[PDB]
Structures are given as structure tokens and as C-alpha cells.
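Report on the structure
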Amino acid sequence: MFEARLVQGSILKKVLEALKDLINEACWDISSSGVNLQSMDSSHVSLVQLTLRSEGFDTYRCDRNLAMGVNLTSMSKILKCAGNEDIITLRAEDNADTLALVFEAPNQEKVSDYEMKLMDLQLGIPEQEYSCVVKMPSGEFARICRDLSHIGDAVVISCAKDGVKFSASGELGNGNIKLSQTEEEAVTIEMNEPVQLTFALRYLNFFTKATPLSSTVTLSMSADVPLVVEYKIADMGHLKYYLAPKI
Amino acid sequence: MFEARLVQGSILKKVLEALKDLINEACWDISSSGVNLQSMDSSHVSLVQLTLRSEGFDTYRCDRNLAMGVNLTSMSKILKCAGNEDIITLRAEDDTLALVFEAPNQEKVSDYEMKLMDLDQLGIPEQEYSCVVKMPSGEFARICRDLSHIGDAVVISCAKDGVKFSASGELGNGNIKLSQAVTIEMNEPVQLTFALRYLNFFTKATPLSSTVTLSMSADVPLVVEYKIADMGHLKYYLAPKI
Amino acid sequence: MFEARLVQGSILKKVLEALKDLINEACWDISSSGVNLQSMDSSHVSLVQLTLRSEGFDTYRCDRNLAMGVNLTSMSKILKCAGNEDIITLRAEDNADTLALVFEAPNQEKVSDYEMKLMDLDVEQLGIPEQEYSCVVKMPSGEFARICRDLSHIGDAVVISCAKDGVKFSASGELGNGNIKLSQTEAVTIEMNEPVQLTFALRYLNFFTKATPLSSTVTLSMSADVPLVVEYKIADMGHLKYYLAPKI
Amino acid sequence: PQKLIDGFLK
Amino acid sequence: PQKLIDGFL
Amino acid sequence: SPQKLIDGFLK
């Protein structure tokens, strides 16, 4: 049996909201150490990697390791029946044929129980150093990507000592946005060498659906290698996105 | 003549929003005791019954009884031109209904006018129900929206303890349990199946009362009842799936 | 060089929103007096005149008059990338082959820089001659917008009847018909020399009300058998003025 | 399986 | 019935 | 042409 109780149910609500629009199915590695999701989009341009550490849960039980093949469309629809203040418990027997989601209304004497069939369903990005790591408000990064996508399809990210610059160009015209170093509304560069890459705004705008999980975002980048867009899930772990460059 | 003046005109607005998406046209019975409406949806799966007591208006006048034939799409649209703080009056001089919207500032008045129709009444006799449940309106609305994302039908199961709403579909199953503001008056346990498509039309009535009452007996229609404070009620009836 | 700094950059945002849905392209006359734009919609049923005086800006530079041909749809998407508190700067070299918009977030730690091509548009200055009007109605801009939205659920055209004590708005359709009567005295002030009654396309009137965010009051000036004027004051800058030929 | 409310009408 | 603005310029 | 796949960056 696997059983995790999360008092702050909204995290699962947001986490799924942030995955459904990018990937349809994914494997949930349930283990003694917790929950690990690592999936590519249907066209293999991005990789999402969710970690929810066991200690992040209010109670956490996991007797055997499980590969729970999950339909994220089904899961998201179920999580939409959860209230933002619900206590969410996940439950799976070790056979792993179905997954139970229990939502405890915080005060109200209302308890909801949903149940979902699992499917029968690991290569990763090695840890590395990054020439540039930008810590910046999630909301700002979201506005930038939304705005710049009205001008073009690609953004050129340029990181230097002074600041980080985002620029696109279409037929309409071109634009660029320059951030400068300044918390929670702080912009912070840890650069090791100046970096200029190009990425698809369509994908970035999928990534920013995770904006509710943290008021900060971390962009990490090195030449000719995938960008990393990281949202820490406080007291839990993270939700990370890797986006291959356009060369 | 018939002239009803209503200080809180937003009631009419909310009454018609809740009607227009279930039934297109219906007959408005005007008598000394107020307004009665009773109408089925176009597929005879449901029935709406609205009561607006005459002593619920600010002024109420009715020389003769009228069976006004009303296009509720048209009347809805007109009522959208009423502000929430307008004094609404209706007037029918014994085939035209007028609607007058008087703004608070007393320096803006709107007259709207709509041709009435010739429309051709049974009804659902009141019974003792095996289960009757009074719960918050918003909650029953949310339960219906939620469950329609899982399946088309909802099994309502009622005991003295609580009430359980269940739907299953292709993408799994779900159950929402409530206990005992929620109040159950069971004299026998019930279990019934209804269409979520229809309950979600009914829940457009939600802004008319913070509470709804569900009445269930075996093999007979559900009654979903919204009390319109100091005026009457909007009642919905929905046949069961057997 | 032409260069114009506007600290309240949102005015530009709200002007481009008021224009993008009615005209696609438009010529911008840049002079010492500031900005002037005149333009009919594509079907020649209505006329838009925008004035932004150079004293309404906070930095104004003009080496040379310019006839900036602007794709308002392009300028609108660019202006949608500015924040409501940003400090907007318009700038064009004396060539006048591209236009630059600069949004300085006030924190000064964020600076956007957009750029669009200008096109050759001739200034057909052809204009409406200034004139007395029989009825000039001053009223809250929000109410005029609700009146127009309301009535357009009833019919396609509105009949505006204006007396000394009151102005009426009326529409008839298949549904039924409605009339909206306003009495005098924000608030409503009517200046009547003669009673007018005129018919107008609610379709076009509803384009104009997209300007409502520029001012709390609108003025309707009308005479018989001539276009209606819907004027929005852009406080301390000028006005945006819509003209609509009548139905007869 | 869906009954009509005809029949319950009196 | 709809006049054009052109007449009046 | 220019959009690289994420595959070659996994191990």
C-alpha cells in the first residue's frame, strides 16, 4: 500500500494544473523517498520533472516501489473537484491497478472520494553547472513570455553581468525586455560566463502555468544545452522544466 | 389591468436567468394571489414551477386573471437592460407586456415592451417524501458541476446519517458524502439516478437563495426547491433514470 | 528626431484600445502642436479624430513635421506589452521609416523596447468644420456605454430625441422595443437651441464606447441631418472625437 | 432508461 | 438609409 | 530545422 496525506491539497491541484497542458500521460515513481515524475512532451522538445519528497507530506506510507502510469487528463479533472483548502490523501494498493484520491473538506462534514484506473507505463538530464542562473519573480517571467509571444514565436535570452534581456521579432516588428539585478520581487543573476540562447515561446508559455506554485522562478542555462525553468514547491520539492534550444 | 411593481427588481433578473436556459416559452398565470408559472422543458424530462405571491410585490394590481404567453428568451434579454438597483414594474392592459426600469437617481427611466403570445396544465401533486435534504445552494451547485466532469448521471443515496452523490464514467468514479447547514428528514432510505445535465440547469437558480431542498422518494421525480425570500419559490422536478 | 515621453503611458494604451477595433491603419501627424490623427473607418460611415497636445507630454521633441503611417493593429499588440504604470516614449528618426516605443517600468529595473515599421500614408486632412450644434448633451461615459449596449440587444439603430428637459434613446426590433429617457442634472447637462431627432447605427456607437476608459464623461453634439459627435476628453492632453453619419 | 415526467403529471 | 461621412467633409 | 530535440541531452 501507498498512502500520502497532504494537508495543503492545493499543491496537488496546482501541480496538476501545471502538467495537464503539456503532457497527457506520465509515470509516477512512488518510493520510500517519495514521488518522482519525469516525462517528455509528445514531441520530445521539453522534459518536466516533479519531485515531491515524502517528508513534505503530513503522513506518508509506501511499502513497495510503484510505477503508477497516470492519465493526467483524468487526474486533473478529479483534482478540480478538490477545494483549495481540502486535505488530499492519495491511496494505492500494491497491485497498482487503481488510484484513490480522498478530499477532506477542511471544516465542513463533507468527504469526497474519487478513483482512477492506473496504466502500465527513466533517462534524465544529468546534474550540471550553468553559466547563468537567474532568480526572478515568477509573475514577471510569465508576463514577459506572454507579451513577447504576441511579437514572435522565439525568444532570445541574453544573460550578462548587468542583467538579463528577452527579445523577439516577427513580421509585426521586434521587441526586447531588459531586466536588471535588484526579495520575492528580487531579480538575481549568478553568472559564470555570458550566455545567449533561443527558445520556443509556445513551450515557455506551457511552463508558466506552474506560476501559482511559487512567486520565484529560476532560469538556468549554458550554451547549446537545455534551459531549466524551476519552481520550488516549498516544503515539498520542485517542479522543473527542461527546454531544448533552437540552433 | 395588471401592474406589479417590485422594489428589488434583481429578483426578476435572477428568476429569468434561471428559467431561460431550461424552457423557452411559458405561461404566466396572474391572479389576485400573484404570479404562477408551470412549464416543462422541450423534452418533458423536467418541470419548473415558480410562485410569486402578490403580497411580495410593492404594489400589485390585477383586474382580471391573465394567462400571458411569454417568450422567456425575449424577457430575459429585456431584463438585462435593468440595473440591479432599478425598481421594476410590469404592466399589461388586458397582447403586450411592458417593463419599466426606474433608476435610483430618478433621472433615468427605461420602458421596454414585448408582444405576448397565445399559449395552451397538470402539475406534480405534493407527497410525503422518503428523504428531504436542506443544504447550502452553492454546495449543491458545486457538487453538480464537479460530478458532471466524471459522468452524466448522479446516484443520490440518502440515509439518516448523510447523503451521498456518486457518478462514474469512462475516466473513473467519484463519491461526495455529506453528513448532518445540512439537514435530512428521512422516513425511508432512498437511492435514485438523475441526469447531471438537468440538475446543472436547475442550479442557475442558485443566486435566489443560499439554500436548496432536495426531496426524494423511490421511482418518482426529484424536487429541487429554492425559496425566494418573502415571495414564494422556484421548484424544479426531474424524472428518474430506472 | 521626434521623441515624446508620457509618464501616464496608460493613456496611449487606452487610446489604442479605443481605435484598433474600428480602423486598421491611420496616419499620425506629428508637429510642434503634438499628435493629430484623423481617419474614417473602412466603410466611410464614421470618422475618428484624436488630438494629443505636445504640452500634455512630459518631453516633446520635433525637428520636422511627420506623417507617420501606423498599422494600429501592430501598435495595439505592442502597446498591450506595456504595464499600466509604465513611462512610454515614442521616438522616430527624421527618416520616419520605423517607430520606437519604450516602456520604462517606474522601478527602472525593467525596460522594454519595441519597434514597428512605418508606412507611407497621405494626410487626407479632409475634416468636419467646427460648428454650433442644436443639442449638446454632457453625461457620464459609463451610462452612455450601458445605454448603447442595452439597446443593441433590442435593435440595430437608436433614435436619439433631445429636448431641453430630457434626451431619449429608442430602438425597435423583432423582439419588442425600448426607450431610455434621461432628465437633466458627473450628472447630465443638456444645452439645446432646437430639438433634434436622429437615427444611428448602434453597431458603430458600440465601437466608440471602447473609448470610455479615457474620461468619466462623454459629450454628444448633434444637429439635424448631420453626423453625431461623441467626444471624450483626454485630461490635460486633448480629446478623442468620434463622428457618425446618420441614417435617413 | 430516462423516464419522462409525463406520467407523474396529474 | 445609412449615409456616408464623405458628404460632410 | 533549428529546434533541437531534448533526447540527445539525456543519459
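**Re the overall build of chain B**
Within chain B, the regular secondary structure consists of four helices and 18 strands. At 19 Å, chain B has a C-alpha radius of gyration in line with the 18 Å of a compact globule built from 242 residues. For chain B, the C-alpha atoms occupy an extent of roughly 55 × 35 × 30 Å along the three principal directions. Split into buried and exposed, the 242 residues of chain B put 58% on the buried side. One way to put it: in chain B the 23 positive side-chain charges average out to a point 5 Å from where the 32 negative ones average out.

**Regarding the overall build of chain C**
The helix and strand inventory of chain C stands at four helices and 19 strands. A globule of 248 residues ought to have a C-alpha radius of gyration of about 18 Å, and chain C, at 19 Å, matches this closely. Counting only C-alpha atoms, chain C reaches 55 × 40 × 35 Å along its principal axes. By the burial criterion, 57% of the 248 residues in chain C qualify as buried. Summing over all exposed atoms, chain C offers an accessible surface of approximately 10700 Å²; the carbon and sulfur share of this is 42%. Of the charged side chains in chain C, 23 are positive and 34 negative, and the gap between their average positions amounts to 5 Å.

**So, the UniProt feature "DNA-binding region" in chain B**
UniProt tags residues 61–80 of chain B as "DNA-binding region". Counting secondary structure, residues 61–80 of chain B comes out at 45% helix and 40% strand; the distance between its end C-alpha atoms is 25 Å.

**Examining the interface of chain B and chain C**
Accessible area lost upon the coming together of the parts serves often as the stated size of an interface. Of the residues lining the interface, 14 residues belong to chain B; the matching set on chain C comes to 17 residues. Summing both sides of the interface, chain B and chain C together bury roughly 1300 Å²; the carbon and sulfur share of this comes to 49%. Counting every contact that joins chain B to chain C gives one salt bridge. The closest approach of N and O atoms between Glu143(C) and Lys108(B), which form a salt bridge, is 3.2 Å. At the boundary of chain B with chain C, the tally comes to five residue pairs in polar contact. Put simply, the parts of the chain that give the side of chain B that touches chain C at least two residues each are helix 2 (72–80) and strand 9 (108–115) of chain B. Top contributing element to the side of chain B that touches chain C by residue count: strand 9 of chain B, with eight residues. Here the residues of the side of chain B that touches chain C sort into five nonpolar, two polar and seven charged.

**As for the interface of chain F and chain A**
Taken residue by residue, the interface counts nine residues in chain F and 20 residues in chain A. On the chain F side of the contact with chain A, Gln3(F), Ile6(F) and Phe9(F) bury the most area, a combined 48% of that side's loss. At the surface where chain F touches chain A, the tally comes to zero salt bridges. Where chain F meets chain A, there are seven residue pairs in polar contact. Residue composition of the side of chain F that touches chain A, by class: five nonpolar, one polar and three charged.

**Things to note about the environment of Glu225(B)**
Residues and elements named next belong to chain B. Here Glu 225 shows up in strand 17 (residues 222–228). With a relative accessible area of 18%, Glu 225 lands in the buried category. For the pair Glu 225 and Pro 240, spaced 15 residues apart in sequence, the C-alpha separation works out to 17 Å. Once you skip the residues sitting within four places of it in the chain, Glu 225 turns out to touch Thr 211, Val 212, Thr 213, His 233, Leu 234 and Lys 235.

**Some words on the UniProt feature "disulfide bond" in chain B**
All names here are of chain B. Where 2.5 Å serves as the upper bound for a disulfide, the S to S distance of 3.5 Å between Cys 131 and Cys 158 does not support the link that UniProt reports. Summarising the element assignment, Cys 131 is placed in strand 10 (residues 131–136). Mapped onto the elements, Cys 158 comes out in strand 11 (residues 153–158).

**Topic: the UniProt feature "disulfide bond" in chain C**
At 3.2 Å, the distance between the sulfur atoms of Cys135(C) and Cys162(C) reaches 2.5 Å or more, contradicting the disulfide given in UniProt. Tracing the backbone through its elements, the reader meets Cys135(C) in strand 11 (residues 135–140).

**Some thoughts on helix 1 (residues 10–20) of chain A**
Counting buried positions along helix 1 of chain A yields eight of eleven residues, so the element is predominantly enclosed. Within helix 1 of chain A, the full set of buried residues consists of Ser10(A), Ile11(A), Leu12(A), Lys13(A), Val15(A), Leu16(A), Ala18(A) and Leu19(A).

**Re the packing of helix 1 (residues 10–20) of chain B against helix 2 of chain B**
Residue and element names in this part refer to chain B. At a minimum axis distance of 9 Å, the contact between helix 1 and helix 2 shows a crossing angle of 145°. The crossing of helix 1 and helix 2 is left-handed. Residues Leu 12, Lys 13, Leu 16, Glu 17 and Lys 20 of helix 1 form the contact with helix 2, whose own contacting residues are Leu 72, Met 75, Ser 76, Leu 79 and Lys 80. By residue class, the composition of the contact of helix 1 with helix 2 is five nonpolar, one polar and four charged.

**Things to note about the environment of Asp146(B)**
On the secondary structure map, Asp146(B) appears in helix 3 (residues 137–148). A relative accessible area of 8% means that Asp146(B) is categorised as buried. For the pair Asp146(B) and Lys160(B), spaced 14 residues apart in sequence, the C-alpha to C-alpha distance is 24 Å. For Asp146(B), the contacting residues outside a window of four places in its chain are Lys80(A), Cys81(A), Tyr114(A) and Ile176(B).

**Description of the arrangement of the chains**
Here six pairs of chains are in contact, and chains A and F lead that list by number of contacts. Across the gap from chain B to chain F, with no contact made, the nearest C-alpha atoms are 31 Å apart. Across all C-alpha pairs, the smallest distance from chain C to chain F is 25 Å, and the two are not in contact.

**Observations regarding the side chain of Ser39(A)**
Residue and element names in this part refer to chain A. Residue placement: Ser 39 occurs in strand 3 (residues 34–40). A relative accessible area of 9% places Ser 39 in the buried class. Residues within four places of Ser 39 in sequence aside, it is in contact with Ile 23, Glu 25, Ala 26, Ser 46, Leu 47 and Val 48.

**Quick look at the sheet that holds strand 10 (residues 132–137) of chain A**
Residues and elements named next belong to chain A. Here nine strands make up an open sheet; going across it, the order is 6-2-3-4-18-17-16-10-14 and the pairing antiparallel. Each end of this open sheet is capped by a strand with a single partner; those strands are strand 6 (66–71) and strand 14 (188–191). Strand-to-strand twist of the sheet, defined as the mean angle between neighbouring strand axes without regard to direction, takes the value 15°. Across six bridges, strand 10 lies against strand 16 (residues 216–221) in antiparallel orientation.

How each quantity is defined
All residue numbers start from 1 on each chain and follow the order of its written sequence rather than the entry's numbering, and residues without coordinates are excluded. The order in which chains are written sets their letters, starting at A; the order in which ligands are written sets their numbers, starting at 1. Excluded from the side-chain calculation are hydrogens and water; included are all heavy atoms of the structure. Numbering goes from the N terminus for both helices and strands, where a helix is a DSSP run of H or I of at least four residues and a strand is a run of E of at least two. Put simply, the radius of gyration uses C-alpha atoms, and a globule should come to 2.2 Å times the residue count raised to 0.38. Relative accessible area decides the class of each residue, using a 1.4 Å probe on protein chains only: under 20% of the type maximum gives buried, over 50% gives exposed, and in between gives partly exposed. Neither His nor the chain ends contribute to the count of charged residues, in which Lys and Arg are positive and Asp and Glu negative. For this purpose, a charge sits on NZ of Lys, CZ of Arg, CG of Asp or CD of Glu. Residue burial considers only the protein chains on display, and all accessible areas are found by Shrake-Rupley using a 1.4 Å probe. UniProt positions are given in the numbering used here, feature names are shortened, and annotations may be inferred rather than shown by experiment. We call two residues in contact when some of their heavy atoms are within 4.5 Å. By buried area we mean the combined loss of accessible area, with a 1.4 Å probe, across both parts when two parts are placed together. A pair is scored as a salt bridge if a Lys or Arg side-chain nitrogen falls within 4 Å of a carboxyl oxygen belonging to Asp or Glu. In protein, a polar contact means a hydrogen-donor-capable atom and an acceptor-capable atom, both N or O and within 3.5 Å, with residues adjacent in sequence counting only if both atoms are side-chain atoms; elsewhere, any N or O pair within 3.5 Å suffices. Under the scheme applied, nonpolar residues are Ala, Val, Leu, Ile, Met, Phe, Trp, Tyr, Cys and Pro; charged residues are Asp, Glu, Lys and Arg; polar residues are all the others, including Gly. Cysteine sulfurs are considered disulfide-paired once they come within 2.5 Å of each other. Only the stretch in contact is used when fitting a helix axis, every axis being a line fitted to C-alpha atoms; angles between N-to-C directions are given from 0 to 180 degrees. With the far helix as reference, a near helix turned anticlockwise by less than a right angle produces a left-handed crossing, and one turned clockwise produces a right-handed crossing. When DSSP locates at least two bridges between a pair of strands, those strands are taken to pair.

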